[PDB]
Amino acid sequence: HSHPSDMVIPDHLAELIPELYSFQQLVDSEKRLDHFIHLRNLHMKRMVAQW
Amino acid sequence: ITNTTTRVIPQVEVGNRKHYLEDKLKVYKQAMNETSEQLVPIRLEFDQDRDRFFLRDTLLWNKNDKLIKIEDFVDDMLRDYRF
Amino acid sequence: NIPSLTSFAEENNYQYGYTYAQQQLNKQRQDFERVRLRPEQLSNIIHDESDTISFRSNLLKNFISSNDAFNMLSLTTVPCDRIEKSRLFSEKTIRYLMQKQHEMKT
Amino acid sequence: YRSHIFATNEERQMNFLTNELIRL
Amino acid sequence: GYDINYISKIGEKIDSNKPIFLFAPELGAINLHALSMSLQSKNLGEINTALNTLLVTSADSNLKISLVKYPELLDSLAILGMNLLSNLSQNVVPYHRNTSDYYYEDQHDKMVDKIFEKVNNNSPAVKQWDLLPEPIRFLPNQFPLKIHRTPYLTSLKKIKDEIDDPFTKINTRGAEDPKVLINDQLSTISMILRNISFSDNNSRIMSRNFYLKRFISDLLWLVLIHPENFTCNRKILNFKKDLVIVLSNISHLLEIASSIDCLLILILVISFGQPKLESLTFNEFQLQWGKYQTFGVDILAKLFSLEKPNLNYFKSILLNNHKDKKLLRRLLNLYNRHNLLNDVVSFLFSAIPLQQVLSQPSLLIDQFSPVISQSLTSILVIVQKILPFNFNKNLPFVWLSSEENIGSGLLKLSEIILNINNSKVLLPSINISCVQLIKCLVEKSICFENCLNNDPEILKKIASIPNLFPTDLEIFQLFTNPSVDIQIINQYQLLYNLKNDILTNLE
């Protein structure tokens, strides 16, 4: 049951606990890291196929 | 009759005529620009020669009325005369 | 098919009353826009999370979750001086922050 | 400040250490 | 004191077998004229039993409700939804008023009757009113303070945090509160109107009906600018979830009436999807969640196909009859220059699942070819016919180099689509759309730099995109295979002639 709803700590907890922003922009900092791996993989599928 | 096998019956007519559906915007566009009336005396005479019907009815009619299409009123009148 | 924009006009189509090219175009129009606009009569009728949400199960879970949390409040006869505080860190979060602070000088 | 929870000087420095390691 | 798991287990069966309302097989001969005249009766039972018997039939998918045989039912629905939107923003209670509800119950003699008031003790003016009240704007209560741009997922979390609340009022019933009665009449109106619009004749009859367009432009204001009157937070999501469905089936013939409606359409379509915390301001929507954002990229694909009201209003909104000039200039700077254009283009670059179809090979593109095709058509329309001066920031440059590298994604997608059909109808259009989009983005970046002239070192930064601009070897491959098209290799060779003109002008 992959619920997309409960990946968000929207307002009521982040205002009370300020570390959650430091959590949340952590996760976003991961989400552009793995994508950088993804554009890496499509790079490495390219150049070998180039050669 | 409602006690049936659950069809959809749009507008079961009285006699043989579909209900007159208004415009409700041209009615307000005409009823607010409503200066005068100018009734028109209208005469209808037809014989068994050069025509088949007789139709000797006389009526008034508003000349400034742009709501009712005249062919619809004549088609309602002929249905009222049981043609 | 993929009929026209002229076939969608009100002149070539029927209205509340009270030729051959029109009756040829309205065949393709009703054969195109009834295989396109027809609803799905099968599964994947869930569409999202917030349509198959159940009010009865959530109401039952909230009835349990209020009752036991109120029995946690009143019936627990531990005095306020005797309620021992919980740890703000774990046995693993206290190891990782000893490790990373050791490795922070690189 | 949340000194009601973080009453000890140890846990305030632990929280500051957490923020430091997050930023680093 | 009870074992309420067993009590609820039995009460579920009790609620299932309870006689709440009629089912589909026991409705009998549904008469549309009787429903359409009962909706204008301004009763309470005659309205509700018409609405429920319309909701059961319209969701049945075996009983057709055609408006060719009767086109005045839809006007009754839309005028009822208009008049319920009117007295909801003013908090007036209908259906149980203590007023009398009746009007005036009862020549050469009017001067004689004037002096008859003299010798017994011894000309009325005209009226003016309209059929429908104000749309909901131009009311003294309704002035915009905050455009409620809540996203999809935060709305789902707000719903799940309102349902799972101990002191919840989501089931306070109908007869215990009149405001929830108005809201549950409006939700029935919206479910009916989204159920009717799945027919070939209803989709072109609903297209005009000035009443339906005014009701859509009336609700879309209330659900976005002042949603404080709707009781629950699930009804506000469900109005957006069927307004987009009813606008997905209509919009191929819709002519947008006013510019405020053309802005609220954009904000409603934008409100599906997830933003970030310039660059592309929309994280990619992965379609393991819900296909509701794919309906918006068809509304924007079909409403851009008319050069008159549809594209003139969109142009004047994206780039920039006497009170809405003040309303549009209030709504545009309440939306936090050119944030709207880059938000729409970044959202349209979302719902093209580049990461998902390029992670794992033919099934996902065969499933998502229409949404990809219409999204590329919408982006091509925005690039070619809107972007060509009051800009102050290079938008195609910050789309081409926004650290996600969507141009390389489109080029790899064109490679993938070119390597299935030659080794399933829309793919020759999608290839040419991808290549022409990359070409127009590069050319408009260079043209925007020539117009602005503030960043001179961009010819390096355009040519330093790691997987743009396909090499001469794959174009040598494309000029040999007979299974390729002519326009595909034409767009590819045009793109390579752009690549050579980059390097010549580089030094």
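Heads up, the Cβs are rebuilt from the backbone with ideal geometry, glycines too, and the neighbour counts pull from every protein chain shown. Here, each number is a calculation from the coordinates, and none is a lab measurement.
Structure summary
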{"quantity": "Subset of region E:435-494 [more than 14 Å from chain A (Cβ to nearest Cβ), among the charged types (D, E, K, R) and over 36 Å from the mean Cα position of the chain (by Cα)]", "calculated": "E:455, E:457, E:460, E:461, E:485"}
{"quantity": "Selected residue (criterion: surrounded by the fewest Cβ atoms within 10 Å (Cβ to Cβ)) from residues of region C:13-64 that are farther than 30 Å from residue B:22 by Cα and in contact with a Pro (Cβ under 7 Å, 6 or more places away or on another chain)", "calculated": "C:28"}
{"quantity": "Pick from region E:200-241, criterion among the hydroxyl-bearing types (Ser, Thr, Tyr) and assigned to a helix (DSSP H, G or I), ranking: farthest from the other protein chains (Cβ to nearest Cβ)", "calculated": "E:217"}
{"quantity": "Given (1) small (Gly, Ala, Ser); (2) surrounded by fewer than 15 Cβ atoms within 10 Å (Cβ to Cβ); (3) in contact with a helix residue (DSSP H, G or I) (Cβ under 7 Å, 6 or more places away or on another chain), number of the condition residue E:125 does not satisfy", "calculated": "(3)"}
{"quantity": "Subset of region B:1-24 that is surrounded by fewer than 10 Cβ atoms within 10 Å (Cβ to Cβ) and among the aliphatic types (A, V, I, L, M) - its residue that is nearest to the other protein chains (Cβ to nearest Cβ)", "calculated": "B:1"}
{"quantity": "Qualifying residues in region A:6-21 (those that are within 12 Å of chain E (Cβ to nearest Cβ) and in a helix (DSSP H, G or I)) - the one farthest from residue E:355 (Cα to Cα)", "calculated": "A:21"}
{"quantity": "Residue, farthest from residue A:10 (Cα to Cα), within region E:255-293, restricted to residues that are of a type in the set (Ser, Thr, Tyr) and in a helix (DSSP H, G or I)", "calculated": "E:259"}
{"quantity": "Filter result for the condition that a residue is in contact with a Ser or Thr (Cβ under 7 Å, 6 or more places away or on another chain) and over 19 Å from residue C:50 (Cβ atoms), over E:182, E:196", "calculated": "E:196"}
{"quantity": "Test for residue E:169: is it over 21 Å from the mean Cα position of the chain (by Cα), basic (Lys, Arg), outside any loop (DSSP other than H, G, I, E, B) and more than 30 Å from residue E:252 (Cα to Cα)", "calculated": "no"}
{"quantity": "Close pairs from region C:62-80: first within 9 Å of chain E (Cβ to nearest Cβ), partner of a type outside the set (S, T, N, Q) and in a loop (DSSP other than H, G, I, E, B), Cβ under 6 Å, at least 6 apart", "calculated": "C:62/E:166; C:66/E:166"}
{"quantity": "Test: residue in region A:27-40 that is more than 10 Å from chain E (Cβ to nearest Cβ), of a type in the set (A, V, I, L, M), surrounded by 12 or more Cβ atoms within 10 Å (Cβ to Cβ) and in a helix (DSSP H, G or I)", "calculated": "no"}
{"quantity": "Positions within region E:425-468 being surrounded by fewer than 13 Cβ atoms within 10 Å (Cβ to Cβ) and under 20 Å from residue E:368 (Cα atoms), in sequence order", "calculated": "E:425"}
{"quantity": "Among residues of region C:39-55, those that are more than 23 Å from residue E:163 (Cα to Cα) and more than 7 Å from chain E (Cβ to nearest Cβ), counted", "calculated": "4"}
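Conditions (1) loosely packed, with under 10 Cβ neighbours inside 10 Å; (2) in contact with a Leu (Cβ under 8 Å, 6 or more places away or on another chain), marked per residue:
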| position | (1), (2) |
| --- | --- |
| B:40 | no, yes |
| B:48 | yes, no |
| B:55 | no, yes |
| B:64 | no, no |
| B:67 | no, no |
| B:71 | yes, no |
| B:74 | no, no |
| B:77 | no, no |
